[PDB]
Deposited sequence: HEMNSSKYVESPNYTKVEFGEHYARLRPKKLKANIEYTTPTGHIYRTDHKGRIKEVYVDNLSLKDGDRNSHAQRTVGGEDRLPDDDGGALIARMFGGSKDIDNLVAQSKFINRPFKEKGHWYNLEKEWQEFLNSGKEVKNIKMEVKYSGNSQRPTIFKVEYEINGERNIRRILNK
């Protein structure tokens, strides 16, 4: 399955108190927070977003410029894990350094954008996008994701996406 299961490896925090630092912005380590829209995030030991959960998807800056820190590449964008149109946050609690070639529409590319587009088409057509589980993998102490693992169910059918951050 890909449904959210509670875990003792993460301590839950009130939304608004999930930042360890304000200047510069940084998430607390090994925590779990639920956005007002209901999206659940988990951070690892270094304050990096590690897991994202959406029970039921629906249609509803300096952060974008600098997320990823010293590990951010020239062709990276500040990429939302959960798009704004799905109720996603525009801040660091939802942004990661994401290659523009998957974040934006690119011919024969734009995988993350294309995933979001598929989800829109499903929702618009009256189908449910359920139990989304994102796994964000990192390498060493790097703030920049290497690969995105996404699981989700479309009217019951489980789908799996592995998207390299290149």
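Trainee: So, counting the deposited sequence from position 1, which segments are absent from the coordinates?
Mentor: Holes in the chain trace, numbered from 1: 1-4, 65-69.
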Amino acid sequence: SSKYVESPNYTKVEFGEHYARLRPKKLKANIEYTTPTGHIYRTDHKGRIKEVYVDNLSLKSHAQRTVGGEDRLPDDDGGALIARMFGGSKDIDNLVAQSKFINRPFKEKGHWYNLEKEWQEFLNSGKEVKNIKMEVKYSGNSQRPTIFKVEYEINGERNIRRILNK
From here on, numbers count along this sequence of modelled residues.
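Trainee: Return whichever of 70-78 and 85-93 has the greater mean Cα B factor according to the PDB record.
Mentor: The stretch with the larger average C-alpha B-factor is 70-78.
Trainee: May I ask you to compare 145-153 and 17-25 by their mean CA B factor in the entry and name the higher one?
Mentor: 17-25 has the higher mean C-alpha B-factor.
Trainee: Return the residue from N131, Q120, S61, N103 that has the highest Cα B-factor in the entry.
Mentor: The C-alpha B-factor peaks, among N131, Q120, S61, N103, at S61.
Trainee: Among the chain's modelled residues, which third holds the C-alpha B-factor of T34?
Mentor: Middle third by C-alpha B-factor.
Trainee: Could you look up the Cα B-factor of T43 in the entry and say which third of the chain it sits in: lowest, middle or highest?
Mentor: It belongs to the middle third of the chain when residues are ordered by C-alpha B-factor.
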